[PDB]
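Let me begin by presenting the structure, written as structure tokens, before commenting on it.
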Amino acid sequence: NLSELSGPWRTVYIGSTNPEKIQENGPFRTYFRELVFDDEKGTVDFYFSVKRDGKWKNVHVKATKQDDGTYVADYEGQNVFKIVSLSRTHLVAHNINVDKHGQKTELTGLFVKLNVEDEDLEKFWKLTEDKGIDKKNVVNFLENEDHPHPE
Amino acid sequence: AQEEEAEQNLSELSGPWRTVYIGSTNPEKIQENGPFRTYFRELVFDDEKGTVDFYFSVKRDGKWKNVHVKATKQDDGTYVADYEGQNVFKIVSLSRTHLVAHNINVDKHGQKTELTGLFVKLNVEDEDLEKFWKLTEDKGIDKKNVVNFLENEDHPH
Ligand SMILES: CCCCc1nc(N)[se]c1CCC
Ligand SMILES: CCCCc1nc(N)[se]c1CCC
């Protein structure tokens, strides 16, 4: 039951046994946007952004769960990763990437979830109505293309 | 084992904040290039000075701008701030994770705009940080080889 963890997630820290993978232009200097867990298909879709070559790219990768519990996915090689601790607000993970040249890299990561509550959303909506504001004149900043760049 | 909560206070509320929704009686204010299409980065609450400092980014003209605005509390509990005119805003709901607010903006042309906003706080508990560090050490990853993506996002470009 990890479906309820789907939604907007943000990268906090990423560590690597190979600094080149996470320095500027590194393939694993990933800013998470959204995570989607599917308990029936045993899969996880990652939506994130990476500045590769000189520009920003939005990437989508689907990970599949294995009998051992680990997940495997194809991104800058073959990756096999393990969630170490999850909860409503956090995800600490460890990933093993093996690139095109057989180079093995171990990465670690802390990601936090952006939890928007119903109780709070409702309050926002009542207030927006009280001020006679039209739902059309409301901007969603969580799923917006027009956003700033961290680098 | 043991469960513990950090002692709360406006001080504990400071930190990274993100904007979820912003509503406006005047759509020009929050459209692309509008001064109120603001992406929050951090907020600093000061109990003693009765102030709140805002850090956010707005795409003005053709490029992104980081902006800092200090607001001061009033006896009536509202806050005043100077940004793209004069602003008086009231926090209708605040807790460890959310902020719902109502702002009244009078621009340099006498025009009044009323805005509504929902913001969410990005909380990072120490238990999680402590668990991320232990894992990092276990794989023999040296701290110098760790990037803080949160601070990068709070200090963009
Ligand atoms: C362990 C959860 C995140 C794994 C992971 N770390 C990245 N950095 Se991008 C990614 C998915 C694609 C390989
Ligand atoms: C009500 C607190 C947030 C008010 C507020 N909303 C923005 N949008 Se920018 C900002 C600070 C400058 C007036």
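By order in the structure tokens, chains are A, B, ...; within a chain, residues start at 1; ligands start at 1, following the order shown.
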Using only C-alpha atoms and all ligand atoms, determine which residues fall within 8 Å of ligand 2, then list them as a PyMOL selection string.
-> chain B and resi 22+35-40+54+56+69-71+79-83+86-91+100-103+105+115-117
Would you export the selected residues with C-alpha atoms as a PDB file, in the first residue's frame, please?
ATOM      1  CA  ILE B  22      -2.818  31.706  -5.907  1.00  0.00           C
ATOM      2  CA  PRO B  35       3.882  40.520 -10.284  1.00  0.00           C
ATOM      3  CA  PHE B  36       1.890  38.085  -8.173  1.00  0.00           C
ATOM      4  CA  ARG B  37       2.707  34.833 -10.014  1.00  0.00           C
ATOM      5  CA  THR B  38       5.155  34.193  -7.164  1.00  0.00           C
ATOM      6  CA  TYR B  39       6.967  30.941  -6.405  1.00  0.00           C
ATOM      7  CA  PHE B  40       7.789  30.896  -2.712  1.00  0.00           C
ATOM      8  CA  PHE B  54       9.505  36.611   2.134  1.00  0.00           C
ATOM      9  CA  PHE B  56      10.299  34.243  -3.798  1.00  0.00           C
ATOM     10  CA  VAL B  69       9.997  41.486   0.997  1.00  0.00           C
ATOM     11  CA  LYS B  70       9.662  42.266   4.703  1.00  0.00           C
ATOM     12  CA  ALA B  71       6.153  42.646   6.139  1.00  0.00           C
ATOM     13  CA  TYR B  79       0.632  42.682   8.096  1.00  0.00           C
ATOM     14  CA  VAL B  80       1.615  45.494   5.819  1.00  0.00           C
ATOM     15  CA  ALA B  81       4.234  45.206   3.065  1.00  0.00           C
ATOM     16  CA  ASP B  82       5.429  47.220   0.170  1.00  0.00           C
ATOM     17  CA  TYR B  83       5.570  45.341  -3.065  1.00  0.00           C
ATOM     18  CA  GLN B  86       0.902  48.702  -0.886  1.00  0.00           C
ATOM     19  CA  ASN B  87      -0.335  45.422   0.534  1.00  0.00           C
ATOM     20  CA  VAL B  88      -2.285  44.449   3.608  1.00  0.00           C
ATOM     21  CA  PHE B  89      -2.582  40.765   4.205  1.00  0.00           C
ATOM     22  CA  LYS B  90      -4.228  38.480   6.691  1.00  0.00           C
ATOM     23  CA  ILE B  91      -3.216  34.896   7.437  1.00  0.00           C
ATOM     24  CA  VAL B 100      -3.794  30.157   3.622  1.00  0.00           C
ATOM     25  CA  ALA B 101      -3.730  33.913   3.162  1.00  0.00           C
ATOM     26  CA  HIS B 102      -5.721  36.832   1.838  1.00  0.00           C
ATOM     27  CA  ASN B 103      -3.955  39.904   0.430  1.00  0.00           C
ATOM     28  CA  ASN B 105      -3.013  45.052  -3.073  1.00  0.00           C
ATOM     29  CA  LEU B 115      -5.699  37.727  -3.861  1.00  0.00           C
ATOM     30  CA  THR B 116      -5.991  34.384  -2.121  1.00  0.00           C
ATOM     31  CA  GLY B 117      -3.181  31.938  -1.538  1.00  0.00           C
TER      32      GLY B 117
END
Mind the document's chain letters and residue numbers, and return as a PyMOL selection string the residues of range 72-102 of chain A that DSSP labels strand (DSSP E).
-> chain A and resi 72-74+78-86+90-98
Define the interface residues of chain A facing chain B as those within 9 Å, counting only C-alpha atoms, and report them as a ChimeraX atom specification.
-> /A:10-19,22-23,29-31,84-85,89-94,106-110,112-117,120-121,123-125,127-128,131-143,146-151
Keeping only C-alpha atoms, take the residues you just selected and write them out as a short mmCIF file (atom, residue, chain, number, x, y, z; two decimals), in the first residue's frame.
data_model
loop_
_atom_site.label_atom_id
_atom_site.label_comp_id
_atom_site.auth_asym_id
_atom_site.auth_seq_id
_atom_site.Cartn_x
_atom_site.Cartn_y
_atom_site.Cartn_z
CA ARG A 10 11.27 16.94 -3.85
CA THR A 11 14.95 15.92 -3.74
CA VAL A 12 16.72 17.06 -0.55
CA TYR A 13 20.15 15.34 -0.68
CA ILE A 14 21.84 13.00 -3.11
CA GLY A 15 25.18 11.36 -2.31
CA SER A 16 27.47 9.38 -4.65
CA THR A 17 30.62 7.24 -4.48
CA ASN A 18 31.46 9.00 -7.79
CA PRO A 19 31.13 12.86 -7.57
CA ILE A 22 26.07 14.42 -9.25
CA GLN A 23 28.17 17.52 -10.06
CA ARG A 29 21.75 15.53 -10.31
CA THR A 30 18.00 15.02 -10.37
CA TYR A 31 15.32 17.37 -9.09
CA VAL A 84 15.40 1.95 3.06
CA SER A 85 12.75 3.96 4.82
CA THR A 89 6.74 12.55 4.34
CA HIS A 90 10.10 10.93 3.47
CA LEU A 91 11.92 8.44 1.31
CA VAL A 92 15.56 7.45 2.00
CA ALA A 93 16.96 5.25 -0.76
CA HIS A 94 20.14 3.60 -2.05
CA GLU A 106 26.37 3.70 -5.38
CA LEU A 107 24.11 6.67 -4.68
CA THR A 108 22.07 7.56 -1.63
CA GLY A 109 19.13 9.92 -1.38
CA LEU A 110 16.66 11.73 0.86
CA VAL A 112 10.51 14.73 0.96
CA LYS A 113 6.85 14.75 -0.03
CA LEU A 114 4.83 17.93 -0.56
CA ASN A 115 1.65 17.07 1.36
CA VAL A 116 -1.40 19.21 0.50
CA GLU A 117 -4.31 18.51 2.82
CA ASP A 120 -6.49 23.14 3.85
CA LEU A 121 -7.54 23.00 0.21
CA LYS A 123 -10.35 26.47 3.33
CA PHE A 124 -8.51 27.94 0.39
CA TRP A 125 -11.48 27.30 -1.86
CA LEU A 127 -11.90 31.92 0.84
CA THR A 128 -11.43 32.17 -2.91
CA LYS A 131 -13.67 37.01 -2.38
CA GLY A 132 -15.73 36.27 -5.44
CA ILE A 133 -12.68 34.82 -7.23
CA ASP A 134 -13.42 32.66 -10.27
CA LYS A 135 -11.87 29.17 -10.40
CA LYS A 136 -10.57 30.14 -13.85
CA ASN A 137 -8.50 32.93 -12.19
CA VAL A 138 -6.52 30.47 -10.09
CA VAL A 139 -3.02 29.29 -10.89
CA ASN A 140 -1.64 25.88 -9.89
CA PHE A 141 2.01 26.34 -8.99
CA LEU A 142 2.67 22.62 -8.20
CA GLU A 143 2.13 21.35 -11.71
CA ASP A 146 6.61 28.08 -16.12
CA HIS A 147 8.83 27.62 -13.00
CA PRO A 148 12.23 28.90 -11.80
CA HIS A 149 15.51 27.01 -12.29
CA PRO A 150 17.66 25.94 -9.33
CA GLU A 151 20.76 26.26 -11.52
#
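From CA of residue 14 in chain B back to CA of residue 52 in chain B, the distance works out to 9.1 Å.
Distance annotation: of B:49, B:112, B:73, B:41, the residue with the minimal separation from residue 11 in chain B is B:49; atom set is only C-alpha atoms.
The protein and nucleic acid residues lying at most 6 Å from residue 33 in chain A are residues 8, 9, 47 and 48 of chain A, with only C-alpha atoms considered and sequence neighbours fewer than 4 positions away removed.
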